[PDB]
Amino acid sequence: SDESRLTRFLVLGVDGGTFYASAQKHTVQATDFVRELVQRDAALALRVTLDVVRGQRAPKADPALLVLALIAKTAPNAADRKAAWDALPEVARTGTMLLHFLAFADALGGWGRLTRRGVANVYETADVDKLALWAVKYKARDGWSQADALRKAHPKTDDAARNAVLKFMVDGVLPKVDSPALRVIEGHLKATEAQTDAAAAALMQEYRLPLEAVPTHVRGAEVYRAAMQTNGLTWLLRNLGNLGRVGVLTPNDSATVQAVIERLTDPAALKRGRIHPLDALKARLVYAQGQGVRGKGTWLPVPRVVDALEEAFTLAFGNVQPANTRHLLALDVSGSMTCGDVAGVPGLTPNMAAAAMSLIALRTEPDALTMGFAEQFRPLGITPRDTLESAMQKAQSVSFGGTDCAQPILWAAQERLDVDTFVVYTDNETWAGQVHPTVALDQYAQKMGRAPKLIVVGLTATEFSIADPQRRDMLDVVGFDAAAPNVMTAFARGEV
């Protein structure tokens, strides 16, 4: 079905059953099916695309932006090209997304009337606050800048304030209406000219300015101190190291320490911020290193903060959106599972990641059973009562067998176990058995009267292929990242 095949491309960013959960290239490129579909039925291409954007299941806007460009620029009909343009303001939510859309479109046609108007409509529809934000935060994206687009599109609004910010976005010259939209602009201007951690701090204090506005050279204690009070939990999670470094968060400075602990374990803030347990696990591991990636400095991890992150992990389970399907999780339990940094997270071993995901399933899905490719294929005996640490150990066995992704499915049919979703967790070592998982899945359907799905996760994989591109019941997840769990859940629910 065109609808289903296009939706899959829109979510995964590929025209097959593979999610590159990444930190690699895999930039979305339009395949033949996608172009052919846009010519054949641009109207449904567009309806499908809006459905996906609104449904918000796509980890990335990229594929929807590309598809939208294709329709807008190359759809045979004028009503379709026009409808695509009319949707641009919705789909290109941020300044970056608009510049990204233009990078896709510029390879499909020049600046005809539809294009000038369509781009102009984006700026003319945005309020003075969104415009000001774009003016300071989304100035450029590689080749394309807001200035470029504005010179080609020439937007004009009814109100002088917005025209003033549009003018500023082109010529960088500061006016002075006010609408405190200019305020944030003036603030960002002065911020670039700081030289001192204190003036910078005093500046975002005066001007409600983001930590972004502060030159890397001057972001000291007062700058980070200031940033905390003005950001949510997600920010806080990825900034613990930056706080240990700039001398704000230290083992002998209890007031800030307690205040961080309270935010990290605030159930209401966890829920509203939609913190996934892996988000908390990543923050803990990153923070506990006391040293960052290239060119970062060091810091002294505060133990009780590390502790609070362990609590945030447990509390976050309550906010996971379940597939609501019966899962059988088959874990690779061999020694190499203890090696590697999944998703570039220092210390996040495939074994740790798989144990975390097992606990999640056990605690949130209608049913879940965990098996392992051990001496023989057997239950690991992990339960919702386990900790991350005890589950990790149950998922390690000195004697192991090949990681055969067909085998959990063959086993379940043999045991007449009702399973909706099979999930295999490995590092990068799928091993082919005598029966392919496709045959396995067919045999299960034939014996049990239901067609289940299979997800194979290569937690540190760069490339493998198990999922049949011609089937819909299979998904390969290559690598891992923060978007992977939601994609897997969406897939299991039949939405991908």
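Residue numbers here begin at 1 and follow the sequence given.
- Stretches 344-352 and 258-266 differ in mean CA B factor, with 258-266 having the higher one.
- With 145-153 and 190-198 compared on mean CA B-factor from the PDB entry, the stretch scoring higher is 190-198.
- Taking the deposited Cα B-factors for 386, 178, 367, 415, the highest one is held by 178.
- Among 129, 311, 279, 332, the highest C-alpha B-factor recorded in the PDB entry belongs to 129.
- Compared with the other modelled residues of the chain, the Cα B-factor recorded for residue 428 ranks in the lowest third.
- Among the modelled residues of its chain, residue 104 has a C-alpha B-factor that falls in the middle third according to the deposited record.
- The entry lists a Cα temperature factor for residue 74 that places it in the highest third of the chain's modelled residues.
- Among the modelled residues of its chain, residue 455 has a C-alpha B-factor that falls in the lowest third, as given in the PDB entry.
- Remark: residue 372 belongs to the lowest third of its chain, ranked by C-alpha B-factor as recorded.
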